[PDB]
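A.B. asks: Sharing a structure with you now.
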Amino acid sequence: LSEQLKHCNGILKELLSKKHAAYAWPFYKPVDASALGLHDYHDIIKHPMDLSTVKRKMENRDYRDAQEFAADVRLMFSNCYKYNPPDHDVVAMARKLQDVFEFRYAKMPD
Ligand SMILES: COCc1nc2cnc3cc(-c4c(C)noc4C)c(OC[C@H]4CCNC4)cc3c2n1[C@H](C)c1ccccc1
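For the record, in the sequence shown the residue sitting at position 64 is 85 according to the working numbering, with numbers rising by one throughout.
Okay, structure coming up:
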């Protein structure tokens, strides 16, 4: 990995760590729309994203730069904010995990 992609991998490990598990866990795996009874999910969300998919892409060297990695993490949060009413518990959890992400992403080495 490039230096910037090492920083991204560190962020990814933190987002998956026990430290943040209380609010990160809904983002660990793809939304199982059928299992959750969310039969409109794939009509509303055209590009699903989750941390297991970001991890697989990082492991496969899919991300060529930090910007491409960040676009997937933000897509994951944006999907949550698009699908769910803003007062829902899962949106509160998204906001908290995105705060962890944005503050550490901002510490990117130049
Ligand atoms: C113990 O609870 C069972 C349970 N397992 C899971 C697994 N993944 C979930 C993913 C989402 C989710 C995200 C993220 N972004 O968009 C969605 C939609 C999730 O969203 C809550 C919606 C379900 C019904 N409308 C709101 C829930 C997930 C989930 N859950 C439950 C249902 C849950 C509920 C509230 C907060 C977190 C998890």
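Ideal Cβ placement from N, Cα and C applies to all residues, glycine included.
Would you kindly report the start and end of the unbroken alpha helix (DSSP H) that includes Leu33?
C.D. replies: The residue labelled residue 33 in the question sits at position 12 within the sequence shown. Its alpha helix (DSSP H) spans residues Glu24 to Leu36.
A.B. asks: Provide the residue span of the alpha helix (DSSP H) that contains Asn81, from first to last.
C.D. replies: In the sequence shown, counting from the first residue as 1, residue 81 sits at position 60. Neither: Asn81 is in no alpha helix (DSSP H) and is coded neither H nor E.
A.B. asks: When you compare each of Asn105, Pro107 and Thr74 to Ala92 by their alpha carbons, which one comes out closest?
C.D. replies: In the sequence shown, counting from the first residue as 1, residue 92 sits at position 71. The candidate whose alpha carbon is nearest that of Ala92 is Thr74.
A.B. asks: My parser needs the alpha helix (DSSP H) runs of 4 or more residues fully inside the stretch 103-129; what are they?
C.D. replies: Runs of the alpha helix (DSSP H) inside the stretch 103-129: 110-126.
A.B. asks: Can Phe122 be considered in contact with ligand 1, in the sense that its beta carbon sits closer than 7 angstroms to one or more heavy atoms?
C.D. replies: For this step, residue 122 is matched to residue 101 along the sequence shown. No - ligand 1 has no heavy atom lying nearer than 7 angstroms to the Cβ of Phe122.
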